[PDB]
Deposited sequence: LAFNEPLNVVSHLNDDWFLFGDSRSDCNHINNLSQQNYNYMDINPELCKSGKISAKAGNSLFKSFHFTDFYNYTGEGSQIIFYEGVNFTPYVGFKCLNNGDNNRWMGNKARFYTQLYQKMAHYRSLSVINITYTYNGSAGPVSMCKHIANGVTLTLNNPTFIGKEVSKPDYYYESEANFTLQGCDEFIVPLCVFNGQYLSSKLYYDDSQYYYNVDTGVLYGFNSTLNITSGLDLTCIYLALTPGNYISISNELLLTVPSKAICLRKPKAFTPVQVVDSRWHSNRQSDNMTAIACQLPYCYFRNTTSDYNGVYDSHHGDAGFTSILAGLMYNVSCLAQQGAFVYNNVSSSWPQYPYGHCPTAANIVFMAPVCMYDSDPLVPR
């Protein structure tokens, strides 16, 4: 009785799901074969108003690239079922000599910050950041890649081609802002000289400085290393110390503080003919995040990558309320169980022998 279930769910109505094609009810309108078997969610949820999901996209992808969806949503209990649309399969790197593994590190770091913060805020959206700059130099796309037909163009941060090496930006309208602070790092292939980059973000009001300089560390491959800062509203200066100037173009806008409420994350991966990664699992740690996964390959019924029975079974928990969320699963009832809930959230059952 009341064994922990391998589902994502909620204690009440106040939840929100962020997703991709597997949760995107509108995607049926752009398919030849018009039914919902491409979704891992129950289509009854299409009318809930509790989903922000876009076919072919992910939070990381909309954060960094021109192929942008305005993920927006508010709830107490936040659930993510996305990530697959930026994986080693997609194969992104800024340059020929680049390195997808760097971008996997970036993905892990981004989601670490996002999941942690969404345990403390109800509301997420993505906002544009504008800047002022007293030079003639303009933005250049120096990070882009073609793979699997599709061309991906990074547009966050902005690169200012060559020279004033600072720019002002304002963060306003949110409690906190997730922005990327990035430098190119690595050696040029033909020369084997390490690329020289520097990037500082300075808060004019507080005097606090975050910086990142390139180093000579063996990481063969030259590519963009990003760290993800959670900043407060204010006036900032972006400073590159006479090297390549970057400035944020987009931020995750965090609003409406809440008492600590763990997020739930569902493993987002391709069928095994495509290479996936475990970056979101690295990001999803206790006590702020519960991770859910099946024990089998993703075997889609619509096509290989869409409509899996195991993942449909995990997402099925959004159709009902549970008493308690925990490391090992969700407990439907609040009274007794055969196992002790670990790191629980909710009204949680006991596993004692009731006398």
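Residues of the deposited sequence that lack C-alpha coordinates fall in the stretches 1-2, 165-172, 366-381.
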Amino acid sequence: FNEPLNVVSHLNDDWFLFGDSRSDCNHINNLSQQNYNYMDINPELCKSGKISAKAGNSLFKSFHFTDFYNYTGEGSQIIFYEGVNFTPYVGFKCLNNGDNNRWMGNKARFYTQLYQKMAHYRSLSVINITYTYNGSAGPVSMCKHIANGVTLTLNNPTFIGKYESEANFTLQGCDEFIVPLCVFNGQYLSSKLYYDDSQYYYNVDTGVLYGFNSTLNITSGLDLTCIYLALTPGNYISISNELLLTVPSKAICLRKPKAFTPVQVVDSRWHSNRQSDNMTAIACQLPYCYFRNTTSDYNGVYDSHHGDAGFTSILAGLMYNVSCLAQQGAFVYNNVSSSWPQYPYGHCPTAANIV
From here on, numbers count along this sequence of modelled residues.
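Across the two stretches, 141-149 and 67-75, the PDB entry reports the greater mean Cα temperature factor for 141-149. For the pair 213-221 and 103-111, the mean Cα B-factor is higher in 213-221. Remark: of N203, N97, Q285, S123, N97 shows the highest value [criterion: C-alpha B-factor in the PDB entry].
The entry assigns its greatest Cα B factor, within the set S191, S238, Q264, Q116, to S191. When all modelled residues of the chain are sorted by CA temperature factor, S313 is found within the middle third. Remark: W270 belongs to the middle third of its chain, ranked by C-alpha B-factor as recorded.
For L245, the recorded CA B-factor ranks within the middle third of the chain. Only modelled residues enter the ranking. When the modelled residues of the chain are ordered by C-alpha B-factor, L17 sits in the lowest third. In the PDB entry, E166 places in the highest third of its chain by CA B-factor.
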